[PDB]
Amino acid sequence: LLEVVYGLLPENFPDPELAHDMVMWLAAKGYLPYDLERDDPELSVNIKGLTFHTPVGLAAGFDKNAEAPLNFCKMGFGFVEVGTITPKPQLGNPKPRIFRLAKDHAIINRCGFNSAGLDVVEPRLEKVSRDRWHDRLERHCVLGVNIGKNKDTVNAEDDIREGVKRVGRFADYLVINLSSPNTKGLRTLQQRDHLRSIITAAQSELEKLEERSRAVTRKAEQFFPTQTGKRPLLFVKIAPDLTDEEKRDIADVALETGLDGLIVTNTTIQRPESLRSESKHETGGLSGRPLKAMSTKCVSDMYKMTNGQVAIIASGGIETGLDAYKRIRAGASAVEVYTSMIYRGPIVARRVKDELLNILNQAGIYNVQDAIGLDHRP
Ligand SMILES: Cc1cc2nc3c(=O)[nH]c(=O)nc-3n(C[C@H](O)[C@H](O)[C@H](O)COP(=O)(O)O)c2cc1C
Ligand SMILES: CC(C)=CCC/C(C)=C\CC/C(C)=C/Cc1c(O)c2ccccc2oc1=O
Ligand SMILES: O=C(O)c1cc(=O)[nH]c(=O)[nH]1
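Numbering-wise, the sequence shown is residues 4 to 218, 240 to 402 according to the authors' numbering.
In structure tokens:
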């Protein structure tokens, strides 16, 4: 806990964008820490057939163009959610477009879907997908592929379509990002009427299943190779800033469509007075410790309103396996981190896994599967 939070004397900051860049340069070229503990068999979760050997995982903010997803994942994580990968490459907003709020343990940011392109990112999944089995054959590093629209396409439904065409076959779970505050009216695609039109279109390009056998796990890599027969569990990442009315419209359209899961909360555009740090007034959604009750309620509301029959991967201020314990108790099968690592640091994957496992030991039940949603047994 006390690494960077104790040692934050140096002025405003060492720039977050710059830091993340030279961090990911390290991530790209090995040059990182390493988890060794193998993770207790307690912490494994079979979210709809998907074996999450650990339920802790890196969120979609980090490895934005598949620079090093397995290397973050060998560094203690269970899964790694890969960017928001827009069809055509985007530059993003003008920098400085991202800020630490040291006091508040938070990060406001307005990057705006800065992507390399499915042109660039497909090859890198073509890379990862075939060598991920090879390198050290990990109890496969479960792999999230998150996709969106470009700044100004008329039909996002097309850019999700393209997305699912290209980079679907590698994802253990695919993710439609409809939530970022930092793309023009994208969040307003979460509507009952649109959400459906997208979700159906998106599982319609999954309905492109192609044929084979017609001219150790050495070679599971062949075919469309997602630790199984391809089909990613379809997800949609939803907002934190929503009416009970709009969380119905979602939850209804979730159970209507047979959506395989929901990722609970992107960043929040709320600014709760309590934020003391003088960067509180910058635009963009804020992550981290202010997004605690926000996210954790959003898990619980979407759990119950989906009868729990839809899966939940909650992000939003998951700092310590206690926060993970509660979000697991509120509905989450697995949980995500990003802004919690910018204060904890690389070996926070190993920390949150074990903080969770001991608070399971203390709570009584071990093996999380029993644990999920526990809050909805009265
Ligand atoms: C700089 C930054 C970039 C992000 N980029 C993305 C993104 O490209 N796609 C996405 O789905 N979420 C993105 N997020 C949201 C995170 O994935 C996550 O949902 C949010 O930060 C809450 O998690 P945390 O409080 O546990 O860090 C980003 C967050 C930050 C702070
Ligand atoms: C300065 C440099 C070239 C590398 C620093 C990384 C390192 C070895 C240790 C941690 C030092 C540090 C202050 C990191 C800050 C950091 C961020 O502020 C940050 C902000 C947003 C997204 C990702 C980020 O990753 C970071 O490592
Ligand atoms: O690209 C961004 O600016 C961005 C994407 C996202 O999903 N969430 C966020 O807070 N910012």
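Positions of the beta carbon are idealized from the N, C-alpha and C atoms, including for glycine.
- Where residue 49 is concerned, there is no enclosing alpha helix (DSSP H), although the beta strand (DSSP E) around it starts and stops at 48-50.
- In the displayed model, residue 374 falls within a helix according to three-state DSSP.
- Where residue 261 is concerned, the enclosing beta strand (DSSP E) starts and stops at 257-262.
- According to the DSSP assignment, residue 165 belongs to the alpha helix (DSSP H) that extends over 159-170.
- Annotation: residue 345 is outside any beta strand (DSSP E); the continuous alpha helix (DSSP H) that includes it extends over 345-353.
- Ranking 352, 344, 350 and 385 by CA distance to the CA of residue 367 puts 344 first.
- Excluding five sequence positions before and after residue 200, the CB atoms of its chain that fall closer than 7 Å to its own CB belong to 160, given in chain order.
- When rounded, the separation of the alpha-carbon atoms in residue 53 and residue 177 is 12 Å.
- Fully enclosed beta strand (DSSP E) runs of no fewer than 3 residues occupy 101-104 and 109-112 of the segment 84-149, in order along the chain.
- When secondary structure is reduced to three states using DSSP, residue 364 falls in the coil class, being assigned neither helix nor strand.
- The count of Cβ pairs closer than 8 Å, one atom from the segment 278-297 and one from the segment 255-265, reaches three, so the stretches are in contact.
- At a cut-off of 7 Å, the beta-carbon of residue 76 does not count as near ligand 1: no heavy atom of the ligand is closer than that.
- With a cutoff of 7 Å, residue 23 counts as near ligand 2, since its C-beta is closer than that to a heavy atom of the ligand.
- Check the Cα spacing between residue 326 and each of 354, 312 and 182: the tightest is with 354.
- For residue 180, there is no enclosing alpha helix (DSSP H); the enclosing beta strand (DSSP E) covers residues 176-180.
- In the DSSP assignment, residue 62 falls outside any alpha helix (DSSP H) and carries neither an H nor an E.
- Pairwise C-beta distances place the segment 285-301 in contact with the segment 258-277, as three or more of them are shorter than 8 Å.
- Within the segment 262-325, the complete beta strand (DSSP E) runs of at least 3 residues fall at 285-288 and 309-312.
- Cβ atoms of residue 313 and residue 107 come within 8 Å of each other, at about 6 Å.
- For residue 53, the enclosing beta strand (DSSP E) stretches over residues 53-55.
- In this structure, the CA atom of residue 269 is about 10 Å from the CA atom of residue 276.
- With 16 or more neighbouring CB atoms inside 10 Å of its own CB, residue 136 falls in the buried class.
- Taking 8 Å as the cut-off, the beta carbon of residue 154 is found no closer than this to the beta carbon of residue 163.
- Closest by C-alpha distance to residue 393, out of 306, 207 and 47, is 47.
- Bridge pairing for residue 82: 60 and 145 [DSSP].
- In the DSSP assignment, residue 337 falls within the unbroken beta strand (DSSP E) covering 335-338.
- The shortest CA-to-CA distance from residue 93 to any of 35, 350, 299 and 156 is the one to 156.
- In this structure, the CA atom of residue 118 is about 25 Å from the CA atom of residue 265.
- Relative to the non-hydrogen atoms of ligand 2, the Cβ of residue 110 comes within a distance shorter than 7 Å of at least one.
- Looking at the backbone, the Cα of residue 372 and that of residue 124 are separated by about 27 Å.
- The DSSP-derived three-state label of residue 30 is helix.
- Annotation for residue 70: 27 and 31 place their beta carbon closer than 6 Å to its own, counting only its chain and skipping 5 residues before and after.
- The three-state reading of DSSP puts residue 17 in coil, since its state is none of H, G, I, E or B.
- A check of alpha carbon separations from residue 356 across 337, 374 and 365 identifies 337 as the nearest.
- Relative to the non-hydrogen atoms of ligand 1, the Cβ of residue 290 comes within a distance shorter than 7 Å of at least one.
- For the pair residue 79 and residue 272, the CB atoms are not nearer than the 8 Å cut-off.
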